[PDB]
>>> print(open('entry-v4.csv').read())   # CSV, C-alpha atoms
chain,number,residue,atom,x,y,z
A,28,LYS,CA,0.0,0.0,0.0
A,29,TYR,CA,0.9,3.7,-0.4
A,30,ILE,CA,-0.6,7.1,-0.1
A,31,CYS,CA,-0.7,10.2,-2.3
A,32,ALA,CA,1.2,13.4,-1.3
A,33,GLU,CA,-1.4,16.1,-2.1
A,34,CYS,CA,-4.8,14.5,-1.6
A,35,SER,CA,-3.5,11.5,0.4
A,36,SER,CA,-5.4,9.1,-1.9
A,37,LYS,CA,-5.2,5.4,-1.0
A,38,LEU,CA,-3.3,3.5,-3.7
A,39,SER,CA,-1.8,0.1,-4.1
A,40,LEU,CA,1.3,-0.3,-6.4
A,41,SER,CA,3.0,-3.3,-7.9
A,42,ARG,CA,6.7,-3.9,-8.5
A,43,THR,CA,6.3,-2.7,-12.1
A,44,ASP,CA,3.6,0.0,-12.0
A,45,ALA,CA,4.6,3.6,-12.6
A,46,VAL,CA,5.2,5.6,-9.4
A,47,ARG,CA,2.3,8.1,-9.8
A,48,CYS,CA,-1.0,9.0,-8.3
A,49,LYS,CA,-4.1,8.0,-10.3
A,50,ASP,CA,-6.3,11.1,-9.4
A,51,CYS,CA,-3.7,13.9,-9.2
A,52,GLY,CA,-0.9,12.5,-11.2
A,53,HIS,CA,1.9,13.6,-8.8
A,54,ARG,CA,5.3,11.9,-8.6
A,55,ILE,CA,5.7,12.0,-4.8
A,56,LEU,CA,4.3,8.9,-3.0
A,57,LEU,CA,4.4,8.0,0.7
A,58,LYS,CA,4.2,4.7,2.5
A,59,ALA,CA,1.7,3.6,5.0
A,60,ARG,CA,2.4,2.7,8.7
A,61,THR,CA,2.5,-0.9,9.7
A,62,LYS,CA,-1.2,-1.7,10.2
A,63,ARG,CA,-0.5,-4.5,12.7
A,64,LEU,CA,1.0,-2.9,15.8
A,65,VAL,CA,4.2,-4.8,16.8
A,66,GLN,CA,5.4,-4.8,20.4
A,67,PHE,CA,9.1,-4.3,21.1
A,68,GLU,CA,11.6,-4.1,23.9
A,69,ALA,CA,14.2,-1.4,24.0
A,70,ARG,CA,17.6,-3.0,24.7
B,1,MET,CA,4.1,22.4,21.8
B,2,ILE,CA,1.4,21.7,24.3
B,3,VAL,CA,1.7,22.9,27.9
B,4,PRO,CA,3.8,20.8,30.2
B,5,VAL,CA,1.6,18.7,32.5
B,6,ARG,CA,3.8,19.1,35.6
B,7,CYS,CA,6.1,21.6,37.1
B,8,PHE,CA,9.8,20.8,36.7
B,9,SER,CA,10.7,22.0,40.2
B,10,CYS,CA,8.0,21.4,42.8
B,11,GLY,CA,6.2,18.5,41.2
B,12,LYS,CA,2.9,20.4,41.0
B,13,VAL,CA,0.5,20.1,38.1
B,14,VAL,CA,-0.2,23.1,35.9
B,15,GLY,CA,-1.3,21.3,32.7
B,16,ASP,CA,-5.1,21.6,33.2
B,17,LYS,CA,-5.0,25.3,34.2
B,18,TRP,CA,-3.8,26.6,30.9
B,19,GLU,CA,-7.3,26.7,29.3
B,20,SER,CA,-8.8,28.6,32.3
B,21,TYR,CA,-5.8,30.9,32.5
B,22,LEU,CA,-6.2,32.0,28.9
B,23,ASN,CA,-9.9,32.9,29.7
B,24,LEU,CA,-9.0,35.5,32.4
B,25,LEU,CA,-6.7,37.4,30.0
B,26,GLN,CA,-9.3,38.6,27.5
B,27,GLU,CA,-12.7,37.8,28.9
B,28,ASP,CA,-11.9,39.5,32.3
B,29,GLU,CA,-9.1,41.8,30.9
B,30,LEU,CA,-7.0,41.2,34.0
B,31,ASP,CA,-3.2,41.6,34.3
B,32,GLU,CA,-0.8,38.6,34.2
B,33,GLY,CA,0.3,38.6,37.8
B,34,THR,CA,-3.2,38.7,39.3
B,35,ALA,CA,-4.4,36.0,36.8
B,36,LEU,CA,-1.4,33.8,37.7
B,37,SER,CA,-2.2,34.2,41.4
B,38,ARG,CA,-5.9,33.6,40.8
B,39,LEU,CA,-5.2,29.9,40.0
B,40,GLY,CA,-3.2,29.1,43.2
B,41,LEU,CA,0.2,29.5,41.5
B,42,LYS,CA,2.2,30.9,44.5
B,43,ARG,CA,5.8,29.6,44.2
B,44,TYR,CA,7.4,31.6,41.4
B,45,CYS,CA,8.5,28.3,39.6
B,46,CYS,CA,4.8,27.6,38.7
B,47,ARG,CA,4.5,31.2,37.6
B,48,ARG,CA,7.6,30.5,35.5
B,49,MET,CA,6.0,27.4,33.9
B,50,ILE,CA,2.8,29.2,32.9
B,51,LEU,CA,4.1,32.7,32.2
B,52,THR,CA,6.9,31.9,29.7
B,53,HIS,CA,5.2,29.3,27.6
B,54,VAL,CA,5.4,29.4,23.8
B,55,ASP,CA,2.3,27.6,22.4
B,56,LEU,CA,3.6,26.2,19.1
B,57,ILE,CA,0.8,23.6,18.6
B,58,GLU,CA,-1.5,26.1,16.8
B,59,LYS,CA,1.0,26.5,14.0
B,60,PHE,CA,1.8,22.9,13.2
B,61,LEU,CA,-2.0,22.3,13.2
B,62,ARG,CA,-2.5,24.4,10.1
B,63,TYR,CA,-0.2,22.2,8.3
B,64,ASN,CA,0.4,18.6,7.1
B,65,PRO,CA,3.4,16.2,7.4
B,66,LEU,CA,3.5,15.7,3.6
B,67,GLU,CA,4.8,18.6,1.5
B,68,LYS,CA,6.8,21.5,3.0
B,69,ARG,CA,8.9,23.4,0.5
B,70,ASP,CA,12.0,25.5,1.2
C,99,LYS,CA,8.9,31.4,-14.3
C,100,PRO,CA,10.8,28.3,-13.1
C,101,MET,CA,9.6,25.0,-14.5
C,102,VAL,CA,10.8,21.5,-15.2
C,103,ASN,CA,10.5,19.0,-18.1
C,104,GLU,CA,10.5,15.4,-17.1
C,105,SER,CA,12.1,12.5,-18.9
C,106,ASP,CA,8.7,11.9,-20.6
C,107,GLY,CA,8.9,15.3,-22.2
C,108,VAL,CA,6.0,16.7,-20.1
C,109,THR,CA,6.4,20.2,-18.8
C,110,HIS,CA,5.1,21.4,-15.4
C,111,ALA,CA,5.9,24.4,-13.3
C,112,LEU,CA,8.5,23.6,-10.6
C,113,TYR,CA,7.9,24.5,-7.0
C,114,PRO,CA,10.4,24.5,-4.2
C,115,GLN,CA,9.0,21.5,-2.5
C,116,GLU,CA,9.5,19.3,-5.5
C,117,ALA,CA,13.0,20.7,-6.0
C,118,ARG,CA,13.9,19.9,-2.3
C,119,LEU,CA,12.4,16.4,-2.2
C,120,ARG,CA,13.3,15.2,-5.7
C,121,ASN,CA,16.9,16.8,-5.7
C,122,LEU,CA,16.1,19.2,-8.6
C,123,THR,CA,17.5,22.6,-9.3
C,124,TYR,CA,15.3,25.7,-8.9
C,125,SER,CA,15.9,27.6,-12.2
C,126,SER,CA,14.2,29.1,-15.2
C,127,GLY,CA,14.9,29.5,-18.9
C,128,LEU,CA,16.3,32.4,-21.0
C,129,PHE,CA,15.1,33.5,-24.4
C,130,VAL,CA,17.0,35.8,-26.8
C,131,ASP,CA,16.1,37.2,-30.2
C,132,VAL,CA,18.6,36.4,-33.0
C,133,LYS,CA,18.8,38.0,-36.4
C,134,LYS,CA,21.1,37.1,-39.3
C,135,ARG,CA,22.3,39.0,-42.4
C,136,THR,CA,24.3,38.0,-45.5
C,137,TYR,CA,26.2,40.5,-47.6
C,138,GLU,CA,27.9,39.7,-50.9
C,139,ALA,CA,30.4,41.8,-52.9
C,140,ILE,CA,32.3,41.4,-56.1
C,141,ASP,CA,36.0,41.1,-55.2
C,142,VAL,CA,37.7,43.3,-57.8
C,143,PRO,CA,41.5,43.5,-57.1
C,144,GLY,CA,42.7,47.0,-56.3
C,145,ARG,CA,39.2,48.2,-55.3
C,146,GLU,CA,37.3,48.5,-52.1
C,147,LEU,CA,34.7,45.8,-51.4
C,148,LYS,CA,31.2,47.2,-51.6
C,149,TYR,CA,28.8,44.8,-49.9
C,150,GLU,CA,25.0,44.9,-50.4
C,151,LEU,CA,22.1,43.6,-48.3
C,152,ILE,CA,20.6,40.5,-49.9
C,153,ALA,CA,19.3,38.1,-47.2
C,154,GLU,CA,18.1,39.0,-43.7
C,155,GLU,CA,16.6,36.3,-41.5
C,156,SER,CA,14.6,37.8,-38.7
C,157,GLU,CA,11.7,35.8,-37.1
C,158,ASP,CA,10.5,38.6,-34.8
C,159,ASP,CA,7.0,38.1,-36.2
C,160,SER,CA,6.8,34.4,-35.0
C,161,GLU,CA,7.4,32.6,-31.8
C,162,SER,CA,10.2,30.6,-33.4
C,163,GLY,CA,12.5,33.7,-33.3
C,164,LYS,CA,13.1,33.2,-29.6
C,165,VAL,CA,16.3,31.2,-29.5
C,166,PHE,CA,16.6,29.2,-26.3
C,167,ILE,CA,20.0,30.0,-24.8
C,168,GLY,CA,20.2,28.4,-21.4
C,169,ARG,CA,18.9,28.1,-17.8
C,170,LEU,CA,19.4,30.5,-15.0
C,171,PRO,CA,19.1,29.7,-11.3
C,172,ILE,CA,16.6,31.8,-9.3
C,173,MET,CA,17.0,33.1,-5.7
C,174,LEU,CA,14.0,32.5,-3.5
C,175,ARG,CA,11.4,35.2,-2.9
C,176,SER,CA,12.8,37.3,-5.8
C,177,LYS,CA,10.6,39.0,-8.4
C,178,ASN,CA,10.3,36.0,-10.7
C,179,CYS,CA,9.7,33.3,-8.0
C,180,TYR,CA,6.2,32.2,-7.2
C,181,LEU,CA,6.7,32.9,-3.5
C,182,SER,CA,6.9,36.7,-4.1
C,183,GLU,CA,3.2,37.4,-3.8
C,184,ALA,CA,2.1,34.5,-1.6
C,185,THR,CA,-0.2,35.2,1.4
C,186,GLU,CA,-0.1,33.3,4.6
C,187,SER,CA,-2.8,30.8,3.5
C,188,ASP,CA,-1.0,30.5,0.2
C,189,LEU,CA,2.3,29.7,2.0
C,190,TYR,CA,0.5,27.2,4.2
C,191,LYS,CA,-1.3,25.3,1.4
C,192,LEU,CA,2.0,25.2,-0.5
C,193,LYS,CA,3.5,24.5,3.0
C,194,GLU,CA,5.9,27.3,3.6
C,195,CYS,CA,7.2,28.5,6.9
C,196,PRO,CA,5.8,32.1,7.2
>>> encode(input="entry-v4.csv", output="structure tokens")
Amino acid sequence: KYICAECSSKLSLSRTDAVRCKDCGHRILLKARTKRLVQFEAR
Amino acid sequence: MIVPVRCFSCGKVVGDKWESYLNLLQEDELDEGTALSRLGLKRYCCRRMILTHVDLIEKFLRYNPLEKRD
Amino acid sequence: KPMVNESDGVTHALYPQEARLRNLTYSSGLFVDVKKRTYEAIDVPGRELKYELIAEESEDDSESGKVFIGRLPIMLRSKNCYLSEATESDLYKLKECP
């Protein structure tokens, strides 16, 4: 999964698809945080 | 940056009083010293906490973590 | 005004955010008019050459006369930059620091 940079539209991209937004057509794409929260210990 | 919850020196709590403190300044048009003493802030360290606070949370809030320029 | 042409050949105005994030260079383009003239004279030995106007290429009447000459960097907030006339809400939506 990913997310747009202007409108923050929800997008899914493959390993070959162009790195663009479908609605706004921008070239800046952000990831999405790990949906499953993972517990950790600081060592 | 939101108001500190506790006083760094005497352990007291000042976090909840910020909203009510802002009320006295323009609704009642009081001065700063009397407003500070109206809320039980008597040691000058608590007065230091409330008096010299820069509230930066109202500027980040008009903004998004995506696309700042330079 | 500053703008960028991608590898695909598409042209879009460049803004400081994209230059910062994408490692671009904030700059614009320069256009200069060029005119050409050809003179021809009969080289008679012992006499001064007298050239006469024959051909003059000047495309001032068409947009093709503007010869592209290069790209010039732009300093922020100067006259050309988009930031010059931006209000506080304009700076926020473009995400400037006021």
>>> closest_atom_pairs(input="entry-v4.csv", of="chain A", to="chain B", cutoff="12 Å", atoms="all atoms listed in the file", output="tab-separated table")
residue	atom	partner	partner_atom	distance
A:30	CA	B:66	CA	10.2
A:31	CA	B:66	CA	9.1
A:32	CA	B:66	CA	5.9
A:33	CA	B:66	CA	7.5
A:34	CA	B:66	CA	9.9
A:35	CA	B:66	CA	8.8
A:53	CA	B:67	CA	11.8
A:55	CA	B:67	CA	9.2
A:56	CA	B:66	CA	9.5
A:57	CA	B:66	CA	8.3
A:58	CA	B:66	CA	11.1
>>> atom_distance(input="entry-v4.csv", atom1="CA of residue 27 (chain B)", atom2="CA of residue 54 (chain B)")
20.6 Å
>>> interface_residues(input="entry-v4.csv", of="chain C", to="chain A", cutoff="10 Å", atoms="only C-alpha atoms", output="PyMOL selection string")
chain C and resi 116+119-120+191-192
>>> interface_residues(input="entry-v4.csv", of="chain C", to="chain B", cutoff="6 Å", atoms="only C-alpha atoms", output="PyMOL selection string")
chain C and resi 114-115+193-194
>>> residues_around(input="entry-v4.csv", residues="residue 36 (chain B)", least_positions_apart="5", cutoff="9 Å", atoms="only C-alpha atoms", output="list in words")
residues 21, 31, 41, 42, 46, 47, 50 and 51 of chain B
>>> atom_distance(input="entry-v4.csv", atom1="CA of residue 131 (chain C)", atom2="CA of residue 165 (chain C)")
6.0 Å
>>> residues_around(input="entry-v4.csv", residues="region 7-14 of chain B", least_positions_apart="2", cutoff="9 Å", atoms="only C-alpha atoms", output="PyMOL selection string")
chain B and resi 3-5+16-18+41+43+45-46+49-50
>>> atom_distance(input="entry-v4.csv", atom1="CA of residue 110 (chain C)", atom2="CA of residue 61 (chain B)")
29.5 Å
>>> residues_around(input="entry-v4.csv", residues="residue 55 (chain B)", least_positions_apart="3", cutoff="7 Å", atoms="all atoms listed in the file", output="PyMOL selection string")
chain B and resi 1-2+58
>>> residues_around(input="entry-v4.csv", residues="residue 35 (chain B)", least_positions_apart="3", cutoff="10 Å", atoms="only C-alpha atoms", output="PDB file with C-alpha atoms, keeping the file's coordinate frame")
ATOM      1  CA  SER B  20      -8.800  28.600  32.300  1.00  0.00           C
ATOM      2  CA  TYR B  21      -5.800  30.900  32.500  1.00  0.00           C
ATOM      3  CA  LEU B  22      -6.200  32.000  28.900  1.00  0.00           C
ATOM      4  CA  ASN B  23      -9.900  32.900  29.700  1.00  0.00           C
ATOM      5  CA  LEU B  24      -9.000  35.500  32.400  1.00  0.00           C
ATOM      6  CA  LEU B  25      -6.700  37.400  30.000  1.00  0.00           C
ATOM      7  CA  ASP B  28     -11.900  39.500  32.300  1.00  0.00           C
ATOM      8  CA  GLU B  29      -9.100  41.800  30.900  1.00  0.00           C
ATOM      9  CA  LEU B  30      -7.000  41.200  34.000  1.00  0.00           C
ATOM     10  CA  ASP B  31      -3.200  41.600  34.300  1.00  0.00           C
ATOM     11  CA  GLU B  32      -0.800  38.600  34.200  1.00  0.00           C
ATOM     12  CA  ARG B  38      -5.900  33.600  40.800  1.00  0.00           C
ATOM     13  CA  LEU B  39      -5.200  29.900  40.000  1.00  0.00           C
ATOM     14  CA  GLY B  40      -3.200  29.100  43.200  1.00  0.00           C
ATOM     15  CA  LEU B  41       0.200  29.500  41.500  1.00  0.00           C
TER      16      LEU B  41
END
>>> residues_near_point(input="entry-v4.csv", point="(20.4, 35.4, -15.9)", cutoff="9 Å", atoms="all atoms listed in the file", output="ChimeraX atom specification")
/C:126-128,168-172
>>> write_last_selection(input="entry-v4.csv", atoms="C-alpha atoms", output="short mmCIF file (atom, residue, chain, number, x, y, z; two decimals), in the frame of the given file")
data_model
loop_
_atom_site.label_atom_id
_atom_site.label_comp_id
_atom_site.auth_asym_id
_atom_site.auth_seq_id
_atom_site.Cartn_x
_atom_site.Cartn_y
_atom_site.Cartn_z
CA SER C 126 14.20 29.10 -15.20
CA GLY C 127 14.90 29.50 -18.90
CA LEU C 128 16.30 32.40 -21.00
CA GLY C 168 20.20 28.40 -21.40
CA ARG C 169 18.90 28.10 -17.80
CA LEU C 170 19.40 30.50 -15.00
CA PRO C 171 19.10 29.70 -11.30
CA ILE C 172 16.60 31.80 -9.30
#
>>> decode(input="entry-v4.csv", residues="region 145-158 of chain C", atoms="N, CA, C and O atoms", output="compact mmCIF listing (two decimals), in the first residue's frame")
# COMPACT_ATOMS: atom_id res chain seq x y z
N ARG C 145 40.37 47.44 -55.65
CA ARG C 145 39.20 48.25 -55.34
C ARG C 145 38.61 47.82 -54.00
O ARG C 145 38.73 46.66 -53.60
N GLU C 146 37.98 48.78 -53.32
CA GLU C 146 37.33 48.48 -52.05
C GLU C 146 36.10 47.62 -52.27
O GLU C 146 35.36 47.79 -53.24
N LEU C 147 35.89 46.67 -51.36
CA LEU C 147 34.73 45.79 -51.44
C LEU C 147 33.47 46.54 -51.02
O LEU C 147 33.44 47.16 -49.95
N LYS C 148 32.44 46.50 -51.86
CA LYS C 148 31.17 47.16 -51.60
C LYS C 148 30.10 46.09 -51.43
O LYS C 148 29.57 45.56 -52.41
N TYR C 149 29.78 45.77 -50.18
CA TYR C 149 28.78 44.76 -49.88
C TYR C 149 27.38 45.36 -49.93
O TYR C 149 27.18 46.55 -49.64
N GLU C 150 26.41 44.52 -50.28
CA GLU C 150 25.01 44.94 -50.38
C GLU C 150 24.13 43.94 -49.65
O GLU C 150 24.40 42.74 -49.62
N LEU C 151 23.06 44.46 -49.05
CA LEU C 151 22.11 43.61 -48.33
C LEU C 151 21.34 42.74 -49.31
O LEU C 151 20.78 43.23 -50.29
N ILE C 152 21.32 41.43 -49.04
CA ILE C 152 20.65 40.48 -49.91
C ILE C 152 19.64 39.67 -49.11
O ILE C 152 18.45 39.64 -49.45
N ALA C 153 20.10 39.01 -48.06
CA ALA C 153 19.26 38.14 -47.24
C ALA C 153 19.34 38.57 -45.78
O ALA C 153 20.43 38.80 -45.25
N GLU C 154 18.18 38.68 -45.14
CA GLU C 154 18.09 39.01 -43.72
C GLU C 154 17.04 38.10 -43.09
O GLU C 154 15.84 38.27 -43.34
N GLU C 155 17.49 37.16 -42.27
CA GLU C 155 16.60 36.27 -41.54
C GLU C 155 16.31 36.88 -40.17
O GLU C 155 17.21 37.01 -39.34
N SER C 156 15.05 37.27 -39.95
CA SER C 156 14.60 37.82 -38.68
C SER C 156 13.19 37.32 -38.44
O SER C 156 12.26 37.70 -39.16
N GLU C 157 13.02 36.48 -37.42
CA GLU C 157 11.74 35.84 -37.11
C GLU C 157 11.02 36.54 -35.96
O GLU C 157 10.36 35.89 -35.15
N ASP C 158 11.14 37.87 -35.88
CA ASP C 158 10.48 38.61 -34.81
C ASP C 158 8.96 38.51 -34.87
O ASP C 158 8.29 38.73 -33.86
